[PDB]
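Numbering (mature numbering (1 follows the signal peptide of the UniProt record, and there is no 0)), first residue to last: 629 to 773.
Here the structure is laid out as structure tokens; the discussion comes afterwards.
Shown next, in the form of structure tokens:
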């Protein structure tokens with residue numbers, strides 16, 4: 629019949645934090661030329677030469693090197709969870725603070741029948757038979773192509 633505990637404010641520590649993160653892009657350096665790995669990462673890569681580019685609506689973009697690319701079932705699907713290593717980057721994720729910038733990507737499989745999920749697959753699906761009917765499954769980024 630009571631709820632008695634303590635707290636503390638307790639001056640907090642100072643770290644680096646990304647607040648207005650409007651969008652998050654992934655680039656690579658495989659063939660010596662940088663390109664946009666917008667989707668379809670497949671199996672997580674063996675070597676971590678990627679670097680995450682976070683574009684913000686408040687201030688300019690930030691480039692940070694990747695640390696760990698793994699696969700985690702968000703709802704029983706191939707969702708790539710990627711973490712970012714910075715000297716002190718704290719990400720207010722789900723009302724709690726994590727010591728690394730971690731974010732999830734989207735998709736995996738390509739819809740040969742009808743590119744309803746991604747551009748890299750849409751441009752391939754349309755070129756097969758232009759006539760017919762097509763629908764989009766979600767907003768699709770054309771950076772992929």
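Ideal Cβ positions, reconstructed from N, Cα and C, are used throughout, including at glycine.
Task: Span of the alpha helix (DSSP H) around residue 748 - done: Here residue 748 refers to the residue found at position 120 when the chain shown is read from its first residue. It spans 747-756 - the alpha helix (DSSP H) in which residue 748 sits, taken as one unbroken run.
Open item on the list: When you compare the CB positions of residue 645 and residue 718, do they come within less than 7 Å of one another, or not?
Closed with: Taking the chain shown and counting its residues from 1, one reaches residue 645 at position 17. Taking the chain shown and counting its residues from 1, one reaches residue 718 at position 90. Contact: yes.
TODO: Inspect the CB distances between the segment 667-686 and the segment 703-712 and report whether three or more fall short of 8 Å.
DONE: Output reads yes: the segment 703-712 touches the segment 667-686.
Open item on the list: Is it buried or exposed, residue 745, if we count other Cβ atoms within 10 angstroms and call 16 or more buried?
Closed with: On the chain shown, position 117 is the one that residue 745 refers to. With 16 or more other Cβ atoms within 10 Å, it is buried.
Open item on the list: Which runs of the beta strand (DSSP E) at least 3 residues long sit entirely within the segment 638-693? Give them in chain order.
Closed with: 651-656, 679-683
Task: Residue burial classification, residue 712 (beta-carbon count within 10 angstroms, cutoff 16) - done: Residue numbering aside, residue 712 sits at position 84 when the chain shown is read from its first letter. By the neighbour-count rule (16 or more Cβ atoms within 10 Å), residue 712 is buried.
- [ ] Helix, strand or coil for residue 718, going by three-state DSSP, please let me know.
- [x] Counting from one through the chain shown, the residue named residue 718 turns up at place 90. Of the three classes helix, strand and coil, the one that applies to residue 718 here is strand, per DSSP.
Open item on the list: Can you check which of these residues, 680, 742, 699, is closest to residue 594 by C-alpha distance?
Closed with: Any property of residue 594 remains undetermined from this structure, which presents the chain solely from 629 to 773.
Task: Under 7 Å between C-beta atoms of residue 753 and residue 761 - done: For the purposes of this step, residue 753 is identified with residue 125 of the chain shown, where counting begins at 1. For the purposes of this step, residue 761 is identified with residue 133 of the chain shown, where counting begins at 1. Going by C-beta atoms, residue 753 is not nearer than 7 Å to residue 761.
Open item on the list: Just to confirm my understanding: we take residue 702, look at its own chain, exclude 5 residues before and 5 after, and list those with CB closer than 7 Å. What are they?
Closed with: Position 74 of the chain shown, counting from 1, holds the residue named residue 702. Closer than 7 Å at the Cβ level, and outside the excluded window around residue 702, lie 732.
- [ ] Output the distance between the C-alpha atoms of residue 769 and residue 715, rounded to the nearest integer angstrom.
- [x] Your numbering for residue 769 matches position 141 in the chain shown. Your numbering for residue 715 matches position 87 in the chain shown. Rounded to the nearest angstrom, the two C-alpha atoms are 30 Å apart.
Open item on the list: Do residue 651 and residue 683 count as a contact pair if the criterion is CB distance below 7 Å?
Closed with: Here residue 683 corresponds to residue number 55 of the chain shown, with the count starting at 1. Here residue 651 corresponds to residue number 23 of the chain shown, with the count starting at 1. Cβ distance < 7 Å, so residue 683 and residue 651 count as in contact.
TODO: Verify whether the separation of the beta carbon atoms of residue 739 and residue 749 is less than 7 Å.
DONE: Your numbering for residue 739 matches position 111 in the chain shown. Your numbering for residue 749 matches position 121 in the chain shown. Yes, the pair counts as a contact, with Cβ atoms nearer than the cut-off.
TODO: Work out the CA separation of residue 721 and residue 633 for me, nearest whole Å.
DONE: Start at 1 with the first residue of the chain shown, and residue 633 comes out as number 5. Start at 1 with the first residue of the chain shown, and residue 721 comes out as number 93. Their backbone Cα atoms lie some 25 Å apart in a straight line.
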